[PDB]
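Q: Take a look at this one; I'll ask things after.
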Amino acid sequence: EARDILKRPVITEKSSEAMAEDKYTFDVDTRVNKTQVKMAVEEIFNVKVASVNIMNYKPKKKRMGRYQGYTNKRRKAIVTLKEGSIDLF
Amino acid sequence: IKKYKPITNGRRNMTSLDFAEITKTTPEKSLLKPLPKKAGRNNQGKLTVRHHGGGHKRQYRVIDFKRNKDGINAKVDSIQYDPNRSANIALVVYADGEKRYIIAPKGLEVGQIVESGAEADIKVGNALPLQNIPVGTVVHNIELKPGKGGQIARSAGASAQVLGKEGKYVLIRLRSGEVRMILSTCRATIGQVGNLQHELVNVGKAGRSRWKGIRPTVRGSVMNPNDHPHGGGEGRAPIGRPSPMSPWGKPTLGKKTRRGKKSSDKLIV
Amino acid sequence: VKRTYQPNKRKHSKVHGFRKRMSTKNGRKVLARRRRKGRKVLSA
RNA sequence: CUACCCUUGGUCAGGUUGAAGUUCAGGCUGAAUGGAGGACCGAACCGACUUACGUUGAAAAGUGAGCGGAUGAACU
RNA sequence: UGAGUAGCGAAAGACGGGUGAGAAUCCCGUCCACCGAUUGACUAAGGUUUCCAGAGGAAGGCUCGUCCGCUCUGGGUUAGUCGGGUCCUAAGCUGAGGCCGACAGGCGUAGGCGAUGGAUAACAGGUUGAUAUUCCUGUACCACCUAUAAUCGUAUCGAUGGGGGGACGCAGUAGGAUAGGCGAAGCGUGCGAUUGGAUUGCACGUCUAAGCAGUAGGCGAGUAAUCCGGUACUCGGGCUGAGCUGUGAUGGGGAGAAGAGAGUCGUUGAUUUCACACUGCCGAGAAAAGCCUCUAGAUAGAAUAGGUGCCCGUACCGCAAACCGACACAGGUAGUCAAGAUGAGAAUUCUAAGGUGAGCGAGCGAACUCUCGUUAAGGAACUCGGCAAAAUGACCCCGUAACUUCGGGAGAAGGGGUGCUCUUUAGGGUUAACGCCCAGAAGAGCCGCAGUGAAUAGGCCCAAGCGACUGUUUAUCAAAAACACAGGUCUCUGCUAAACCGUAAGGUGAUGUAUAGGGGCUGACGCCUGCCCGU
RNA sequence: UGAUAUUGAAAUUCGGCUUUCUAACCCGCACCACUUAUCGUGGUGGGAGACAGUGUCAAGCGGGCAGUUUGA
Ligand SMILES: [Mg+2]
Ligand SMILES: [Mg+2]
Ligand SMILES: [Mg+2]
Ligand SMILES: [Mg+2]
Ligand SMILES: [Mg+2]
Ligand SMILES: [Mg+2]
Ligand SMILES: [Mg+2]
Ligand SMILES: [Mg+2]
Ligand SMILES: [Mg+2]
Ligand SMILES: [Mg+2]
Ligand SMILES: [Mg+2]
Ligand SMILES: [Mg+2]
Ligand SMILES: [Mg+2]
Ligand SMILES: [Mg+2]
Ligand SMILES: [Mn+2]
Ligand SMILES: [Mn+2]
Ligand SMILES: [Mn+2]
Ligand SMILES: [Mn+2]
Ligand SMILES: [Mn+2]
Ligand SMILES: [Mn+2]
Ligand SMILES: [Mn+2]
Ligand SMILES: [Mn+2]
Ligand SMILES: [Mn+2]
Ligand SMILES: [Mn+2]
Ligand SMILES: [Mn+2]
Ligand SMILES: [Mn+2]
Ligand SMILES: [Mn+2]
Ligand SMILES: [Mn+2]
Ligand SMILES: [Mn+2]
Ligand SMILES: [Mn+2]
Ligand SMILES: [Mn+2]
Ligand SMILES: [Mn+2]
Ligand SMILES: [Mn+2]
Ligand SMILES: [Mn+2]
Ligand SMILES: [Mn+2]
Ligand SMILES: [Mn+2]
Ligand SMILES: [Mn+2]
Ligand SMILES: [Mn+2]
Ligand SMILES: [Mn+2]
Ligand SMILES: [Mn+2]
Ligand SMILES: [Mn+2]
Ligand SMILES: [Mn+2]
Ligand SMILES: [Mn+2]
Ligand SMILES: [Mn+2]
Ligand SMILES: [Mn+2]
Ligand SMILES: [Mn+2]
Ligand SMILES: [Mn+2]
Ligand SMILES: [Mn+2]
Ligand SMILES: [Mn+2]
Ligand SMILES: [Mn+2]
Ligand SMILES: [Mn+2]
Ligand SMILES: [Mn+2]
Ligand SMILES: [Mn+2]
Ligand SMILES: [Mn+2]
Ligand SMILES: [Mn+2]
Ligand SMILES: [Mn+2]
Ligand SMILES: [Mn+2]
Ligand SMILES: [Mn+2]
Ligand SMILES: [Mn+2]
Ligand SMILES: [Mn+2]
Ligand SMILES: [Mn+2]
Ligand SMILES: [Mn+2]
Ligand SMILES: [Mn+2]
Ligand SMILES: [Mn+2]
Ligand SMILES: [Mn+2]
Ligand SMILES: [Mn+2]
């Protein structure tokens with residue numbers, strides 16, 4: 001559905017630089033289109049469209065002692081609006 | 001047949017053909033385009049019988065060897081020069097407007113007449129079947145089968161004799177000097193084929209042969225005994241065993257290779 | 001000095017990949033064997 | 001990796017010599033235009049002829065100095 | 001044990017100021033130095049977080065370590081219009097049916113997959129600690145949809161189908177442009193403290209896509225599933241492409257310095273960038289789609305805004321400490337860019353842009369070994385052998401033998417000049433001459449041992465053997481007298497050819513057909529090539 | 001290379017020998033159709049023919065290739 005296509009809001013100084021210029025960074029499920037991200041961005045937030053940029057992230061790496069291993073892949077896509085104003089603390 | 005001046009020590013002896021006969025249109029007509037990629041190897045990729053490989057690219061001629069569109073008269077467009085065949089071959093455009101590449105017998109002006117089939121016009125130019133043509137005709141491009149496209153004489157300079165007429169099939173003398181009865185439903189083009197002097201051009205330099213699909217050939221007398229019957233032995237060596245031998249054994253200095261009980265044995269003498 | 005092994009992902013996955021393995025009878029047998037030993041990795 | 005091959009691409013500073021053809025004075029000779037060739041010097045690049053160094057090495061075949069080919073059977 | 005021994009992997013550093021428990025090694029600063037057809041700039045492979053910021057120092061780092069490509073924490077890769085996919089095919093791979101097969105399976109038609117190639121619509125500026133033709137400032141384009149339709153109604157889409165086109169090799173010359181280069185007479189700054197000078201000193205001299213306009217190259221009427229194709233009979237300059245410039249993009253951006261809103265010129269040389277174009281050559285130089293057509297057949301009708309446009313790749317290293325070599329290894333690694341003086345140059349020496357000082361050091365200045373340089377007199381006496389080293393060297397002129405297959409031998413051998421100044425002065429192109437290029441010829445005069453004053457540039461001749469020559473060879477002890485070679489001869493082979501792989505089809509030969517194709521021997525060319533019918 | 005199955009008809013010399021015709025068998029050729037396909041399957045038209053090809057057996061040739069021996 002649409003509630004599943006969005007994942008988590010993303011907080012970083014880069015994400016903050018995006019909020020300051022009407023752009024909202026957003027983690028997403030994989031195989032989702034930029035389009036489904038806009039649809040979800042509307043149906044979830046009652047604001048709409050403009051650009052919906054997307055990138056992929058290869059799974060990283062981390063050790064936990066003896067067990068080195070990878071993380072999960074990311075699919076973060078930031079979205080910026082023709083009109084609206086999403087935020088919550 | 002131009003003779004090159006000995007400017008370079010390599011190929012000071014060279015002789016190119018004086019391709020003034022090529023005359024009209026250097027470019028080939030786009031009537032014949034597809035194929036062939038080069039292949040010294042057979043399918044399955046093993047090097048089946050070769051000292052072949054390399055060489056320049058060649059677009060394929062689609063010469064109408066069959067003369068199957070017999071009937072309408074046609075005239076030469078140009079004379080050209082095929083690479084894949086030794087002889088240069090002339091183009092000929094039909095009254096239908098369809099054009100076709102045809103092998104070009106010695107002589108043959110920029111405009112020419114004779115067509116194919118039925119009609120008895122035994123005076124140079126395109127083939128006529130079969131029992132026809134006078135005995136002693138200059139005759140060439142013979143077919144071994146009806147409508148097969150004329151498998152026999154081609155090359156550059158080539159010839160045949162039309163002597164004899166035994167019934168069912170007509171007798172003919174091949175340039176090899178073989179005399180045998182080809183079937184009398186054969187297409188058979190008139191005059192002697194192509195360049196008279198393709199054989200007189202000495203290659204000169206090494207690798208001009210490699211511009212053709214000719215890899216250099218290593219003698220069997222050298223090499224090693226596992227590689228060849230002639231192989232091994234200190235220094236330069238005698239053949240040793242009687243009868244010089246090909247690789248894979250078997251005598252090769254006068255041993256008939258014609259098949260026992262051949263199907264066409266009755267039709268030749 | 002150019003050592004043997006100049007890596008190239010296309011060719012590595014060809015001849016050594018899951019598909020090329022499965023395509024022959026013997027590659028299936030190979031996969032059977034590797035799976036039998038319990039290798040954490042099978043084909044590339 | 002390497003040997004041949006099949007498709008499809010790419011590279012080759014610069015100087016030099018002056019084939020044929022053609023063009024004026026000639027009963028095949030001088031001058032011009034002309035731009036040939038597994039042609040000539042010489043970097044790139046490709047090689048490995050000599051030597052020294054190296055020989056529990058920088059290196060399981062190299063380095064320095066010279067050396068051979070470099071429009072070709074070229075190099076990749 | 002060897003032993004506190006060998007080693008610590010090409011290389012130029014010094015000091016000052018910080019930091020810190022602690023500095024030869026970290027950060028900052030000046031100077032010094034090294035590469036600069038690269039040790040710089042950009043990418044393709046390949047590697048996959050090594051990228052970034054802040055912290056750390058046990059281990060990794062050949063020393064040290066406050067530092068790191070190491071460690072902990074947190075974060076970084078943004079595309080309709082770039083590369084790939086939703087486009088096309090080559091070699092090859094696969095191969096519905098199908099032919100072969102003890103099985104397993106081999107082969108193969110249609111068809112499909114397959115880029116290293118064809119086709120493909122955006123640029124310039126700005127910005128972060130880490131991204132950018134991707135973010136945003138500006139200005140554009142392509143496809144599609146939906147809303148208005150001037151013009152057509154049993155025009156408009158046209159085929160998976162024939163047309164056209166795409167569609168090509170190799171060499172060589174000249175020319176048109178264009179970038180980048182060099183100097184001045186606008187334009188920003190400074191004006192010296194070591195004797196001198198002030199039209200003197202250094203620095204710069206722009207702007208893109210699309211979109212308007214205009215410029216070396218190439219070459220009709222009508223009749224015979226289609227009005228196009230092809231084919232042929234009468235009738236005297238414009239159809240196709242096109243570098244680049246002028247304009248508008250822009251009253252924008254950009255910019256040099258510094259005192260807390262500013263310049264766009266002129267001359268000059270000039271490409272390997274822009275044409276396989278042109279010309280010449282024979283070895284005769286991919287396919288398919290996009291595109292344009294003509295019909296077969298389809299369907300009511302087909303410039304002004306709003307809107308729609310997906311998936312993958314995007315960090316960083318990439319002649320390297322991050323790639324292949326077990327290493328932070330003197331090796332290997334496709335391509336693009338490539339400025340100045342000097343020059344014929346991508347050689348040579350020194351410098352731009354920009355990068356770096358090489359992950360052990362301080363001393364001393366023995367033998368010996370290495371890498372350099374020099375050496376009286378002699379000059380191959382050395383040695384298996386002139387091995388090694390010397391000597392030769394660029395440019396202009398002069399002068400060149402035996403021999404020869406007349407091309408050659410030839411840079412033969414060898415001979416002379418070369419610097420700076422000053423005059424008269426004469427050629428080339430560019431322009432209204434002016435001046436700008438590059439560059440000879442004569443005359444006097446000067447200075448040094450020496451004038452291509454550095455670096456970088458052939459030693460040559462005489463005679464013999466072997467091979468004709470360019471080329472190939474034993475990766476890692478042999479590059480040759482060995483193989484190859486063009487030429488020669490012998491032999492097989494009449495075309496489901498012989499020969500060859502699998503003997504199964506299938507396939508090479510060859511989409512070739514005795515001027516051809518296989519095998520053997522010889523090996524340019526010249527003169528030839530004899531005597532003898534067990535296998 | 002020979003007998004022999006596949007493998008037929010009809011004429012001459014003494015079941016053999018030599019010719020002719022097709023209903024076998026065969027075309028790596030022409031046409032049609034499957035099919036917008038050089039594979040294949042049929043269909044005709046020629047071509048060739050009881051030989052060729054194949055299976056069974058038999059006799060040669062055969063360092064191409066294999067296992068080996070080659071004394072003290
Ligand atoms: Mg573009
Ligand atoms: Mg594809
Ligand atoms: Mg570099
Ligand atoms: Mg190091
Ligand atoms: Mg100069
Ligand atoms: Mg340092
Ligand atoms: Mg020391
Ligand atoms: Mg000296
Ligand atoms: Mg001696
Ligand atoms: Mg002279
Ligand atoms: Mg000379
Ligand atoms: Mg002697
Ligand atoms: Mg070699
Ligand atoms: Mg066969
Ligand atoms: Mn993306
Ligand atoms: Mn040998
Ligand atoms: Mn043998
Ligand atoms: Mn022998
Ligand atoms: Mn001997
Ligand atoms: Mn395992
Ligand atoms: Mn995977
Ligand atoms: Mn050469
Ligand atoms: Mn060496
Ligand atoms: Mn060297
Ligand atoms: Mn050279
Ligand atoms: Mn000590
Ligand atoms: Mn010590
Ligand atoms: Mn000791
Ligand atoms: Mn010691
Ligand atoms: Mn030491
Ligand atoms: Mn070091
Ligand atoms: Mn300090
Ligand atoms: Mn302190
Ligand atoms: Mn410093
Ligand atoms: Mn870092
Ligand atoms: Mn340490
Ligand atoms: Mn694309
Ligand atoms: Mn197939
Ligand atoms: Mn099947
Ligand atoms: Mn195919
Ligand atoms: Mn590509
Ligand atoms: Mn970056
Ligand atoms: Mn001063
Ligand atoms: Mn003063
Ligand atoms: Mn990047
Ligand atoms: Mn190693
Ligand atoms: Mn290295
Ligand atoms: Mn290389
Ligand atoms: Mn330069
Ligand atoms: Mn240099
Ligand atoms: Mn600098
Ligand atoms: Mn001395
Ligand atoms: Mn002396
Ligand atoms: Mn002397
Ligand atoms: Mn002497
Ligand atoms: Mn002595
Ligand atoms: Mn001596
Ligand atoms: Mn020497
Ligand atoms: Mn000289
Ligand atoms: Mn030689
Ligand atoms: Mn060797
Ligand atoms: Mn050697
Ligand atoms: Mn089989
Ligand atoms: Mn044996
Ligand atoms: Mn045994
Ligand atoms: Mn014994």
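Every chain in the structure tokens takes a letter, A first, then B, and so on in the order presented; its residues are numbered from 1, and the ligands are numbered from 1 following the presented order.
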Using only C-alpha atoms (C1' of nucleotides) and all ligand atoms, which residues of the polymer chains come no farther than 10 Å from ligand 30? I'd like the answer as an NGL selection string.
A: :E and (5-8)
Q: Do you know which residues are within 10 Å of ligand 14 using only C-alpha atoms (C1' of nucleotides) and all ligand atoms? Can you write them as a list in words?
A: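 Every residue with an atom at most 10 Å from ligand 14 is listed here: residues 496, 502, 503, 504, 505, 506 and 507 of chain E; 28 of chain F.
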Q: Return as a PDB file with N, CA, C and O atoms (P, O5', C5', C4', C3', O3' and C1' of nucleotides), in the first residue's frame the residues belonging to chain D that are within 12 Å of chain C, counting only C-alpha atoms (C1' of nucleotides).
A:
```pdb
ATOM      1  P     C D   1      44.379 -12.722 -19.469  1.00  0.00           P
ATOM      2  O5'   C D   1      45.564 -13.693 -19.000  1.00  0.00           O
ATOM      3  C5'   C D   1      46.548 -13.268 -18.066  1.00  0.00           C
ATOM      4  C4'   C D   1      47.794 -14.117 -18.128  1.00  0.00           C
ATOM      5  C3'   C D   1      48.354 -14.419 -19.510  1.00  0.00           C
ATOM      6  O3'   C D   1      49.130 -13.348 -20.027  1.00  0.00           O
ATOM      7  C1'   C D   1      48.389 -16.380 -18.160  1.00  0.00           C
ATOM      8  P     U D   2      49.139 -12.987 -21.600  1.00  0.00           P
ATOM      9  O5'   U D   2      49.573 -14.331 -22.313  1.00  0.00           O
ATOM     10  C5'   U D   2      50.926 -14.724 -22.288  1.00  0.00           C
ATOM     11  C4'   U D   2      51.077 -16.089 -22.877  1.00  0.00           C
ATOM     12  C3'   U D   2      50.539 -16.257 -24.283  1.00  0.00           C
ATOM     13  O3'   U D   2      51.425 -15.772 -25.273  1.00  0.00           O
ATOM     14  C1'   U D   2      49.821 -18.053 -22.945  1.00  0.00           C
ATOM     15  P     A D  59      61.386  -8.212  -2.691  1.00  0.00           P
ATOM     16  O5'   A D  59      61.157  -8.659  -4.201  1.00  0.00           O
ATOM     17  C5'   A D  59      59.901  -8.440  -4.824  1.00  0.00           C
ATOM     18  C4'   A D  59      59.938  -8.678  -6.312  1.00  0.00           C
ATOM     19  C3'   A D  59      60.240 -10.096  -6.759  1.00  0.00           C
ATOM     20  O3'   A D  59      59.094 -10.926  -6.711  1.00  0.00           O
ATOM     21  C1'   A D  59      61.481  -8.541  -8.062  1.00  0.00           C
ATOM     22  P     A D  60      59.086 -12.291  -5.854  1.00  0.00           P
ATOM     23  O5'   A D  60      59.313 -13.413  -6.967  1.00  0.00           O
ATOM     24  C5'   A D  60      60.522 -13.492  -7.706  1.00  0.00           C
ATOM     25  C4'   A D  60      60.574 -14.772  -8.484  1.00  0.00           C
ATOM     26  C3'   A D  60      59.498 -14.897  -9.541  1.00  0.00           C
ATOM     27  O3'   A D  60      59.914 -14.366 -10.766  1.00  0.00           O
ATOM     28  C1'   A D  60      59.520 -16.847  -8.192  1.00  0.00           C
ATOM     29  P     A D  61      59.126 -13.124 -11.367  1.00  0.00           P
ATOM     30  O5'   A D  61      60.071 -12.587 -12.515  1.00  0.00           O
ATOM     31  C5'   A D  61      61.170 -11.754 -12.201  1.00  0.00           C
ATOM     32  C4'   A D  61      62.185 -11.792 -13.303  1.00  0.00           C
ATOM     33  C3'   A D  61      61.621 -11.694 -14.718  1.00  0.00           C
ATOM     34  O3'   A D  61      62.481 -10.871 -15.493  1.00  0.00           O
ATOM     35  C1'   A D  61      62.941 -13.645 -14.519  1.00  0.00           C
ATOM     36  P     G D  62      61.858  -9.832 -16.536  1.00  0.00           P
ATOM     37  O5'   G D  62      62.068  -8.415 -15.840  1.00  0.00           O
ATOM     38  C5'   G D  62      61.182  -7.970 -14.835  1.00  0.00           C
ATOM     39  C4'   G D  62      61.916  -7.272 -13.726  1.00  0.00           C
ATOM     40  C3'   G D  62      62.812  -6.109 -14.124  1.00  0.00           C
ATOM     41  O3'   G D  62      62.090  -4.909 -14.333  1.00  0.00           O
ATOM     42  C1'   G D  62      63.930  -7.489 -12.556  1.00  0.00           C
TER      43        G D  62
END
```
Q: List as a PyMOL selection string the protein and nucleic acid residues near residue 58 (chain A), meaning an atom at most 12 Å away when only C-alpha atoms (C1' of nucleotides) are counted, but skip any in the same chain fewer than 6 places from it.
A: (chain A and resi 30+70-76) or (chain E and resi 48-49+77+315)
Q: Atoms to include: N, CA, C and O atoms (P, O5', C5', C4', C3', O3' and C1' of nucleotides). Write the selected residues as a PDB file, in the first residue's frame.
A:
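Saved as out12.pdb:
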```
ATOM      1  N   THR A  30      12.388  -0.845  -0.737  1.00  0.00           N
ATOM      2  CA  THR A  30      13.004  -1.181  -2.009  1.00  0.00           C
ATOM      3  C   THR A  30      11.997  -1.604  -3.089  1.00  0.00           C
ATOM      4  O   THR A  30      10.937  -2.154  -2.776  1.00  0.00           O
ATOM      5  N   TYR A  70      27.465  -7.422   7.366  1.00  0.00           N
ATOM      6  CA  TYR A  70      26.866  -6.314   6.631  1.00  0.00           C
ATOM      7  C   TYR A  70      25.579  -5.805   7.288  1.00  0.00           C
ATOM      8  O   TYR A  70      24.991  -6.502   8.113  1.00  0.00           O
ATOM      9  N   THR A  71      25.161  -4.584   6.943  1.00  0.00           N
ATOM     10  CA  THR A  71      23.844  -4.080   7.343  1.00  0.00           C
ATOM     11  C   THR A  71      22.888  -4.344   6.217  1.00  0.00           C
ATOM     12  O   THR A  71      23.241  -4.987   5.237  1.00  0.00           O
ATOM     13  N   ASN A  72      21.665  -3.852   6.375  1.00  0.00           N
ATOM     14  CA  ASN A  72      20.679  -3.879   5.304  1.00  0.00           C
ATOM     15  C   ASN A  72      20.924  -2.785   4.279  1.00  0.00           C
ATOM     16  O   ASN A  72      21.518  -1.754   4.599  1.00  0.00           O
ATOM     17  N   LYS A  73      20.493  -3.023   3.044  1.00  0.00           N
ATOM     18  CA  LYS A  73      20.577  -2.008   2.004  1.00  0.00           C
ATOM     19  C   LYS A  73      19.648  -0.858   2.391  1.00  0.00           C
ATOM     20  O   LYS A  73      18.655  -1.086   3.083  1.00  0.00           O
ATOM     21  N   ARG A  74      19.978   0.377   2.011  1.00  0.00           N
ATOM     22  CA  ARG A  74      19.020   1.482   2.129  1.00  0.00           C
ATOM     23  C   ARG A  74      18.394   1.807   0.771  1.00  0.00           C
ATOM     24  O   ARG A  74      18.858   1.334  -0.274  1.00  0.00           O
ATOM     25  N   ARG A  75      17.324   2.595   0.796  1.00  0.00           N
ATOM     26  CA  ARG A  75      16.677   3.051  -0.427  1.00  0.00           C
ATOM     27  C   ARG A  75      16.190   4.481  -0.279  1.00  0.00           C
ATOM     28  O   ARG A  75      15.169   4.843  -0.843  1.00  0.00           O
ATOM     29  N   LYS A  76      16.943   5.295   0.456  1.00  0.00           N
ATOM     30  CA  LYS A  76      16.536   6.661   0.793  1.00  0.00           C
ATOM     31  C   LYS A  76      16.255   7.524  -0.430  1.00  0.00           C
ATOM     32  O   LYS A  76      17.052   7.593  -1.371  1.00  0.00           O
TER      33      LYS A  76
ATOM     34  P     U E  48      36.459  -6.510  -3.309  1.00  0.00           P
ATOM     35  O5'   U E  48      36.371  -5.515  -2.076  1.00  0.00           O
ATOM     36  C5'   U E  48      35.125  -5.236  -1.475  1.00  0.00           C
ATOM     37  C4'   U E  48      34.923  -3.765  -1.234  1.00  0.00           C
ATOM     38  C3'   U E  48      33.534  -3.450  -0.710  1.00  0.00           C
ATOM     39  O3'   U E  48      33.608  -2.325   0.147  1.00  0.00           O
ATOM     40  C1'   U E  48      33.851  -2.378  -2.793  1.00  0.00           C
ATOM     41  P     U E  49      34.156  -2.477   1.647  1.00  0.00           P
ATOM     42  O5'   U E  49      34.996  -1.138   1.842  1.00  0.00           O
ATOM     43  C5'   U E  49      35.153  -0.569   3.131  1.00  0.00           C
ATOM     44  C4'   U E  49      34.872   0.916   3.165  1.00  0.00           C
ATOM     45  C3'   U E  49      33.794   1.340   4.161  1.00  0.00           C
ATOM     46  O3'   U E  49      34.206   2.554   4.791  1.00  0.00           O
ATOM     47  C1'   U E  49      33.244   2.152   2.019  1.00  0.00           C
ATOM     48  P     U E  77      24.541  11.943  -0.439  1.00  0.00           P
ATOM     49  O5'   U E  77      25.205  11.126  -1.631  1.00  0.00           O
ATOM     50  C5'   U E  77      25.775  11.811  -2.737  1.00  0.00           C
ATOM     51  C4'   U E  77      25.947  10.910  -3.933  1.00  0.00           C
ATOM     52  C3'   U E  77      24.702  10.148  -4.397  1.00  0.00           C
ATOM     53  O3'   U E  77      24.747  10.004  -5.822  1.00  0.00           O
ATOM     54  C1'   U E  77      26.415   8.623  -3.906  1.00  0.00           C
ATOM     55  P     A E 315      31.015   8.459  -8.066  1.00  0.00           P
ATOM     56  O5'   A E 315      30.812   8.464  -6.494  1.00  0.00           O
ATOM     57  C5'   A E 315      30.333   9.622  -5.844  1.00  0.00           C
ATOM     58  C4'   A E 315      30.618   9.578  -4.368  1.00  0.00           C
ATOM     59  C3'   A E 315      32.083   9.547  -3.976  1.00  0.00           C
ATOM     60  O3'   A E 315      32.675  10.829  -3.977  1.00  0.00           O
ATOM     61  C1'   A E 315      30.920   7.874  -2.787  1.00  0.00           C
TER      62        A E 315
END
```
Q: Run DSSP on the backbone and grab whatever in region 96-153 of chain B lands in strand (DSSP E or B); send it over as a PyMOL selection string.
A: chain B and resi 99-101+105+140
Q: Within 12 Å of residue 54 (chain B), counting only C-alpha atoms (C1' of nucleotides), which residues show up once you throw out same-chain ones fewer than 2 positions away? Write them as a PyMOL selection string, please.
A: (chain B and resi 37-41+50-52+56-58+207-216) or (chain D and resi 4-6+73) or (chain E and resi 283)
Q: Residues within 12 Å of ligand 1, counting only C-alpha atoms (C1' of nucleotides) and all ligand atoms: report them as a PyMOL selection string.
A: chain E and resi 81-83+120-123+133+141-142+209-210
Q: What do you get as a count of residues only if you pick all residues at most 9 Å from ligand 22, counting only C-alpha atoms (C1' of nucleotides) and all ligand atoms?
A: 9
Q: Let me see if you get this right: every residue at most 9 Å from ligand 11, counting only C-alpha atoms (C1' of nucleotides) and all ligand atoms, written as a list in words.
A: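 Going residue by residue within 9 Å of ligand 11, we get residues 400, 410, 411 and 412 of chain E.
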Q: Residues as selected, C-alpha atoms (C1' of nucleotides), written as a PDB file, in the first residue's frame, can you do that?
A:
```pdb
ATOM      1  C1'   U E 400      81.919  10.930 -52.118  1.00  0.00           C
ATOM      2  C1'   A E 410      75.357   6.555 -49.216  1.00  0.00           C
ATOM      3  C1'   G E 411      75.002   9.886 -43.498  1.00  0.00           C
ATOM      4  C1'   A E 412      80.268   5.592 -47.902  1.00  0.00           C
TER       5        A E 412
END
```
Q: Name the closest residue to ligand 13 among the candidates D:54, D:15, D:21, D:47; distances are taken between atoms, counting only C-alpha atoms (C1' of nucleotides) and all ligand atoms.
A: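 Closest to ligand 13, using only C-alpha atoms (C1' of nucleotides) and all ligand atoms: D:47.
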Q: What is the distance between CA of residue 159 (chain B) and CA of residue 192 (chain B), in Å to one decimal?
A: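 Between these atoms lies a distance of 5.1 Å.
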Q: Could you give me the residues within 10 Å of ligand 10, counting only C-alpha atoms (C1' of nucleotides) and all ligand atoms, as a list in words?
A: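 The residues near ligand 10 are residues 397, 398, 399 and 400 of chain E.
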Q: Would you kindly return, as a count of residues only, each protein, DNA or RNA residue with an atom no farther than 9 Å from any atom of region 225-238 of chain B, considering only C-alpha atoms (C1' of nucleotides) and excluding same-chain residues fewer than 4 positions away?
A: 9
Q: Could you tell me, counting only C-alpha atoms (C1' of nucleotides) and all ligand atoms, which protein and nucleic acid residues lie no more than 9 Å from ligand 36, written as a list in words?
A: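 Within the 9 Å cut-off, the matching residues are residues 61, 63, 64 and 65 of chain E.
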Q: What residues in region 26-253 of chain B get the DSSP label helix (DSSP H, G or I)? Please answer as a PyMOL selection string.
A: chain B and resi 208-211
Q: May I ask you to extract the residues of chain B within 6 Å of chain E, using only C-alpha atoms (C1' of nucleotides), and to give them as a ChimeraX atom specification?
A: /B:6-7,10,42-43,48-49,95-97,152,156-157,176,198-199,204-206,211,246,253-254
Q: Counting only C-alpha atoms (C1' of nucleotides) and all ligand atoms, name the residues that have an atom within 9 Å of an atom of ligand 48; the answer should be given as a PyMOL selection string.
A: (chain D and resi 45-46+76) or (chain E and resi 332-334)
